[PDB]
6 protein chains.
Amino acid sequence: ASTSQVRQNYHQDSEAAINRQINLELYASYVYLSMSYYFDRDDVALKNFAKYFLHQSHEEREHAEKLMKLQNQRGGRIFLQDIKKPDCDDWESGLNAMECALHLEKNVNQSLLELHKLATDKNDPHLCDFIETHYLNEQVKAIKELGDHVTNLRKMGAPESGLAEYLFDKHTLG
Amino acid sequence: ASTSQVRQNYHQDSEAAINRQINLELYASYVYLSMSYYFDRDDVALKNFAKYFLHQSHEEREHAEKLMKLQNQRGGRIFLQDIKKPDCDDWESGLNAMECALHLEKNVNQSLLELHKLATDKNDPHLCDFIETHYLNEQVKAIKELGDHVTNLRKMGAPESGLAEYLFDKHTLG
Amino acid sequence: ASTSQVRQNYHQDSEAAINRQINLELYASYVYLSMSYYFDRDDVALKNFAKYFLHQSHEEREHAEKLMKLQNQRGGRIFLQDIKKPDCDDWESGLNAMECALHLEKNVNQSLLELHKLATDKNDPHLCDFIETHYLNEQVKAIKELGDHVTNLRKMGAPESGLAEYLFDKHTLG
Amino acid sequence: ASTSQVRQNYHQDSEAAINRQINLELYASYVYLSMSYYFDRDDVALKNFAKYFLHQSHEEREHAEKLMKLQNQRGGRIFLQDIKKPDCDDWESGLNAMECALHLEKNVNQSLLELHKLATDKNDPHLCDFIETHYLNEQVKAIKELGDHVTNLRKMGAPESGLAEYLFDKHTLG
Amino acid sequence: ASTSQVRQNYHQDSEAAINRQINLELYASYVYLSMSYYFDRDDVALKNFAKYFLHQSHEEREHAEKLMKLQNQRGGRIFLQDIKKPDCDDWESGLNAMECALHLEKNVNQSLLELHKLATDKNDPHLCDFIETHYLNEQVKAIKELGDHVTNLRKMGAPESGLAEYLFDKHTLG
Amino acid sequence: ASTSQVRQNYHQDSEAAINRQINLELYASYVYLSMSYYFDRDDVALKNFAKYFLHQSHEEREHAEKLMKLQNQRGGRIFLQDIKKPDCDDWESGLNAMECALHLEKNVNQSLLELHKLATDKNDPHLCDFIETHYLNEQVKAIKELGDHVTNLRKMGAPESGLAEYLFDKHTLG
Ligand SMILES: [Cl-]
Ligand SMILES: [Cl-]
Ligand SMILES: [Cl-]
Ligand SMILES: [Cl-]
Ligand SMILES: [Cl-]
Ligand SMILES: [Cl-]
Ligand SMILES: [Cl-]
Ligand SMILES: [Cl-]
Ligand SMILES: [Cl-]
Ligand SMILES: [Cl-]
Ligand SMILES: [Cl-]
Ligand SMILES: [Cl-]
Ligand SMILES: [Cl-]
Ligand SMILES: [Cl-]
Ligand SMILES: [Cl-]
Ligand SMILES: [Cl-]
Ligand SMILES: [Cl-]
Ligand SMILES: [Cl-]
Ligand SMILES: [Cl-]
Ligand SMILES: [Cl-]
Ligand SMILES: [Cl-]
Ligand SMILES: [Cl-]
Ligand SMILES: [Cl-]
Ligand SMILES: [Cl-]
Ligand SMILES: [Cl-]
Ligand SMILES: [Cl-]
Ligand SMILES: [Cl-]
Ligand SMILES: [Cl-]
Ligand SMILES: [Mg+2]
Ligand SMILES: [Mg+2]
Ligand SMILES: [Mg+2]
Ligand SMILES: [Mg+2]
Ligand SMILES: [Mg+2]
Ligand SMILES: [Mg+2]
Ligand SMILES: [Mg+2]
Ligand SMILES: [Mg+2]
Ligand SMILES: [Mg+2]
Ligand SMILES: [Mg+2]
Ligand SMILES: [Mg+2]
Ligand SMILES: [Mg+2]
Ligand SMILES: [Mg+2]
Ligand SMILES: [Mg+2]
Ligand SMILES: [Mg+2]
Ligand SMILES: [Mg+2]
Ligand SMILES: [Mg+2]
Ligand SMILES: [Mg+2]
Ligand SMILES: [Mg+2]
Ligand SMILES: [Mg+2]
Ligand SMILES: [Mg+2]
Ligand SMILES: [Mg+2]
Ligand SMILES: [Mg+2]
Ligand SMILES: [Mg+2]
Ligand SMILES: [Mg+2]
Ligand SMILES: [Mg+2]
Ligand SMILES: [Mg+2]
Ligand SMILES: [Mg+2]
Ligand SMILES: [Mg+2]
Ligand SMILES: [Mg+2]
Ligand SMILES: [Mg+2]
Ligand SMILES: [Mg+2]
C-alpha cells in the first residue's frame, strides 16, 4: 500500500494514464493481428499485406511492453484491463484495411499527445522525454507511411481494381 | 456467405471450437505477460522469473497465430472475442506464479483434449494430426516443467524463504 | 485545399515558421559556399579554409532537406522563396570569415529558439523534440567551434599575420 | 583591383558569362530540390521520383561548384546573385515534373551553347574545352534521358493513369 | 568580465545551477569511492560490492565532466567548490551501503528536476534537452537498479545473514 | 576497535600519514581537472592542453585508489576529508598552468619524501618499497616533464606569444 522506494515526481494521474496507454497499445496489436489474417484468407490471398500487418502487430506488443517497463521503472503499479476485439469493421479490401490502420494510428497519437500534456501539467520531464523519444516520432512516421499507402492504392484504382491491390502487394509491401 | 473453395471435411462445430481455442491461447499469452512484469517490480526484483514468463507469453502468441493460420488453411472464418484480463489473483511469490501457470497450462490442455475429441467425433484426421503434432506434446512438456519448478521451489522452502526464490531465479531460470 | 490525411496537432503558424527556417538553412548553405571559394582564390590560397567552409555548406543543405521532410511528415506544404545572396561583406581574411560564420550560426540559433517557443506555445511536443534532437545541440557545438577558431586566430596574431592564418589552416583545419 | 597574377587570355565578358552560368546551375539545383519533395508529399507518395530528382539536384550543385573552381583557376572573380525560387508551376504529376525538367535542361544547354559561342569569339580554347568536356555531353545525355522518361509516361497513359506513374516509379526509377 | 562570444539564451541563474550540479556529481563520485573501499576491508571482504561501487564512482566523475563541458559550450564559467567528505555514516553492511546509494541517487535526481524546472522557467530548450538526454533516464535506471538490489538483500535475510550478502555478491554483482 | 587480523609492523602514525597522502592525491586530481576545463573555454581554446591535464587528473585518482588499497592491505582504516577546491589562482595562460602543475608535483613529492622518512623511522620496509616502487620515480618523471614543458614555452615566447602556446599545443601535446 505504502509508497514504492523508487517513486519520485510520478503523479497518480500519470500512473493511471500510462495503464490506459498500455491497454491501447495491446488493442492496436490485436487490430493489426486481425487485419493480418484477413489477407491470409483463401478468398483475399494477399500475402505481403498479411506480413505487413503481422509485423505492425508485433511492433505494438513491443510498444506495450516498453510502457509496462516504464511503469515499474517509475514505481507505479501495472493495472491491466480486457483487450477489446477489433472495432473497425469487416476488412473488405487492402485499401479499407490501410484506412482503418491510418485512423487507429491517429487515435493512438491523440492518446499520446494527451499523455504528454498531462506529464507537462505535472512537471514530469522524465515522462515527457520518454514519450517524445520512444513514441511521438514513431507515430508521425507510421501515420505518414499509411497515408502514402492509402494514396498509392487510391491512385492505382483500388478497391475496384483487384489488379491494383495485387501489384501494390508485390511492389510496395514485397 | 457461400462455401470457401478450399473447405473439405471441416465441420462448423470444429470451426467454432478452433475460434474458442484462439481466444484461450491469447488469454494465456496475457496471463504470462502480467506475471512477467510482476517480477520486474522494484519490490519483487527477480529478473529471470520475469524473462521466463515473457518467453512463455511470446510462445502462446505463436500458438494463437498457428491456429489462425489453420482456420484459413481449412476455409473456416476467424471470429475474435475480447481477451479477458488475467484472473489467477495478485501474484504474491515466484511459487504462487508457478502454481498459477501450472493450473493455466492444465486448463489449456483440457481445452485441447476436448477439441481433439470433437475432431475425432467428426472424423477429421487432418485436425486430429494438427492438434497432436503442434499442441499435445508441447502441453505435456510445459506441464511437466512447471511441476518440476513448483517441486523445487517447495523443497527449497518457498514462499517464506526469499533466499530460495533468489537462488532458484539464478540456478534454474538463469 | 482540404486537410492532409496525416495532419494532426500541426498549427498553421508552425507550418509557416518551418518554411521560413527552410529558407534560412538554404541561405546559410549559400553563405558558406561563397566563403569556401573565397579561400580558393589565387590571392588568398588557404585550401583547408576552403574545404572547411564547403563541408559546412553541404551540412546546411542537409539541415534544409531534413526540414522539408518534416514539413511533409506532418502534412504541411512546402513554400519556397528566393535564396538571397550572402550579405556578410567582402571576406577579407580567415579571421573575418570565421567571425561572419559565428554571427550566421548565432542568428540561425535565435531563429530555431523562436521556432521552439512557437511549438511550445502551440503544445506541439513532436516539433519541440524534432528541433531539440536534430538542431539545438548542433547549433551549440557549431557556435562553440567557431568561437574556438576565432580565439586561436586572434591569439596567433590574425589578420595582420599571414603566417598565423597559414599555420591555423595547416594545424587546425588540416 | 589590378590583374590576377594567373589571368591569361580570359576575357571580362567570359568572366561575367561564367558568373551567370553559376547562378543558372544553382537555380537548376533548386528546381530539382522542389520537384523532389513534391513526390515525398503524403498525397503524391512516389518515393523513386523523389530520389531521382534529389540526385539531379545534388548533380546541379556539383556543376555550380566546378564553375566556381574554373572562375578562380582562370583568375576571374566570383559574383553571386540571389537564387530565384522555382518557376515551372505546381508540379501536378510525375509526367508534368519530367516535362518541366526537360524544358529546364534544354534552357541550361542553350545557355552553355551561348557561353561556348562567346569563348569561340574570344579565342579561348581552354574555356571551349572546359565546356565541351564537363558540360555539353552531360546536357545531351540528361535531355535524352528525360525525353525517354516523358515518352514512357505518355505511352503508359500518364497523367490520368495513377497506375502508370506508380509502375514507372518502380520499374524505371527503382 | 564582458560576455562570452558564444553565449546565447543562457541565464546567469542556469550557469550558477550547473556549477552547483557539478559539485553534487563530484560529491556522488566521492561517496561511491568511500563505499567501494569499505567492501575491500579485510573484515568485510565482498570484492563484487567493491567493484560495483568503484564503477559507480567512475560514472559520477564522467557525469561531472559532461557538465563542465556543457558550461563551456554555453559560454558560462566553471566555479568549483570543496568536495565534501561522504555523510551517509559508517557503512555497516552491503544492505546499508545500497540504501545510502538509493538515497544519494534520489537526492541527485531531485537536484536535476529542480535544474530542469529552472531551465523551463528561463525558456532554455537546449539545457532542458541536455538534462533529459544525458541525466534524467540515467537517474531513473540507477534508482530502479538500487531498489531492486535493496529488495533482494532484504528478501535474502540481510543484514543479519552474512551468507545472504556473500551470495548476492557472487550472483548479482559477480 | 580491536586490531585488524592482518595488521603487522604498521605504525598508527604511518596509517594516519597514508590517509593524509590519499587526500593530497585527490586534491591533485581536482587541480588538474580545473586546469583541463580552463583550456576548453571558448576564449582559451587549446584542446591538447585540455586533454593533457585531464589525463593527469585521471592518473592522480588512480594514485589515490592505490593508497586506499594499500591502507586496507596493511589493515589500516581509511579516513577521508573534504577535497579542497584548487588554490593555484586564475589559470591565465598555458605557461602559468604548467608552472602551477610543476609546483603541485614538487609539493606532492615533498609529502611522499616525508612519508618515506616516517616509514624509515618506523622500520616499515614494505611501506618504503611501496612508496619507492609506485610513487617516487613517477614524481621525478612528472617533475622533469613539466620542467621541460615550462622551458619550451618560455623559449618559444609564452605567455605574450599566443602563437607560441598554439604551436606547443600542436607539436608537444598533440
Ligand atoms: Cl507525493
Ligand atoms: Cl490505473
Ligand atoms: Cl476489464
Ligand atoms: Cl524521421
Ligand atoms: Cl458439408
Ligand atoms: Cl465462432
Ligand atoms: Cl467479445
Ligand atoms: Cl518429449
Ligand atoms: Cl549458490
Ligand atoms: Cl553459480
Ligand atoms: Cl484544426
Ligand atoms: Cl508559408
Ligand atoms: Cl521569393
Ligand atoms: Cl555535445
Ligand atoms: Cl588584357
Ligand atoms: Cl559578373
Ligand atoms: Cl541578386
Ligand atoms: Cl555518351
Ligand atoms: Cl518486378
Ligand atoms: Cl542577456
Ligand atoms: Cl556559480
Ligand atoms: Cl568551497
Ligand atoms: Cl530505459
Ligand atoms: Cl603493536
Ligand atoms: Cl587518520
Ligand atoms: Cl574534512
Ligand atoms: Cl625512468
Ligand atoms: Cl609549425
Ligand atoms: Mg483505452
Ligand atoms: Mg508500426
Ligand atoms: Mg503503438
Ligand atoms: Mg464488445
Ligand atoms: Mg528521436
Ligand atoms: Mg474461452
Ligand atoms: Mg510454453
Ligand atoms: Mg498455448
Ligand atoms: Mg472482467
Ligand atoms: Mg510430435
Ligand atoms: Mg528568413
Ligand atoms: Mg556545421
Ligand atoms: Mg543549419
Ligand atoms: Mg539583394
Ligand atoms: Mg520538452
Ligand atoms: Mg541530442
Ligand atoms: Mg541567369
Ligand atoms: Mg543530371
Ligand atoms: Mg547543370
Ligand atoms: Mg520572384
Ligand atoms: Mg574546338
Ligand atoms: Mg567527353
Ligand atoms: Mg551542492
Ligand atoms: Mg551509475
Ligand atoms: Mg550523476
Ligand atoms: Mg565537514
Ligand atoms: Mg534518452
Ligand atoms: Mg593534506
Ligand atoms: Mg602524471
Ligand atoms: Mg600523485
Ligand atoms: Mg576554501
Ligand atoms: Mg621502479
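Computed from the coordinates by the stated procedures, all read-outs in this text should not be read as laboratory data. No Cβ is skipped: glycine too gets one built from the backbone with ideal geometry, and neighbour counts run over all protein chains shown.
A few notes on this one:
- Proximal charge balance of residue E:91 [Cβ under 11 Å; K/R count +1, D/E count -1]: -3
- Here the range A:48-139 is treated with +1 on each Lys and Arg Cβ and -1 on each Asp and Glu Cβ, and its dipole about the Cα centre works out to around 440 debye.
- Gaussian network model of chain B, springs between alpha carbon atoms under 10 Å - residue of B:124, B:42, B:148 with greatest fluctuation: B:42
- Sparse-neighbourhood loop sites, GluC sites (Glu not before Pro) in the range A:126-173 - DSSP loop, at most 16 other Cβ within 10 angstrom: A:160
- A Stokes-Einstein calculation at 4 °C with viscosity 1.567 mPa s, built on the Kirkwood radius of the range B:3-174 over Cα pairs, returns a diffusion coefficient of 75 µm²/s.
- The range C:1-54 versus the range E:44-61: alpha-carbon centroid distance in Å: 49 Å
- Cα-based convex hull, the protein assembly as shown, per residue volume (Å³, whole number): 197 Å³
- Acute angle (nearest 10 degrees) that the helix F:12-39 long axis makes with the longest principal axis of chain F, alpha-carbon atoms: 20 degrees
- Shielding of peptide C:163-173 by partners, expressed as the average count of other chain Cβ atoms within 10 Å per residue Cβ, is 2.
- Between the range A:137-168 and the range C:80-157, the alpha-carbon centres lie 39 Å apart.
- Test item: Cα-centred dipole of the protein assembly as shown, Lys/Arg +1 and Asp/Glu -1 on Cβ, debye: 800 debye
- Using C-alpha pairs under 8 Å with a sequence gap of at least 6, the mean separation divided by the residue count of the range F:1-76 gives a relative contact order of 46 percent.
- Angle in degrees between helix F:137-156 and the longest Cα principal axis of chain F, rounded to the nearest 10: 10 degrees
- Relative to the Cα centre, the charge distribution of chain B, modelled as +1 at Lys and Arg Cβ and -1 at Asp and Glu Cβ, gives a dipole magnitude of about 500 debye.
- Relative to the dominant Cα principal axis of chain E, helix E:162-171 is inclined by about 60°.
- Considering only alpha-carbon pairs that sit under 8 angstrom and 6 or more positions apart, the relative contact order computed for chain A is 27 percent.
- Test item: E:70-80 mean partner chain Cβ contacts at 10 Å: 5
- With a simple spin-label model that places each label point 7 Å from the Cα along the Cα-to-Cβ direction, the separation between residue E:77 and residue C:82 comes to 4.6 nm.
- Sequence-distant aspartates and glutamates (8 or more away, or on other chains) whose Cα lies within less than 12 Å of residue D:141: D:105
- Across the protein assembly as shown: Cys residues that no other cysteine approaches within a C-beta distance under 4.7 Å: A:128, B:128, C:128, D:128, E:128, F:128
- Packing-based order for F:150-157, F:94-101, using average beta carbon neighbours within 10 Å, highest first: F:94-101, F:150-157
- The range B:55-132: C-alpha gyration tensor shape, a/c 1.5 cut-off, then a/b vs b/c: prolate
- For residue B:149, net neighbour charge (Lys/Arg +1, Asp/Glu -1) across residues whose Cβ lies under 12 Å away: -3
- Cα coordinate range in the range F:99-174, projected on the principal axes (Å, largest first): 53, 19, 13
- Those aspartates and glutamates that a straight Cα-Cα span of less than 13 Å connects to residue D:84, excepting residues fewer than 8 apart in one chain: C:82, D:25
- The sum of -39500 (n - 2.57) across all DSSP H runs of n ≥ 4, divided by the residue count of the protein assembly as shown, sets its helix-only mean residue ellipticity at 222 nm to -23500 deg cm²/dmol.
- Inter-chain shielding of C:122-135 (mean C-beta neighbours from other protein chains, 10 Å cut-off): 5
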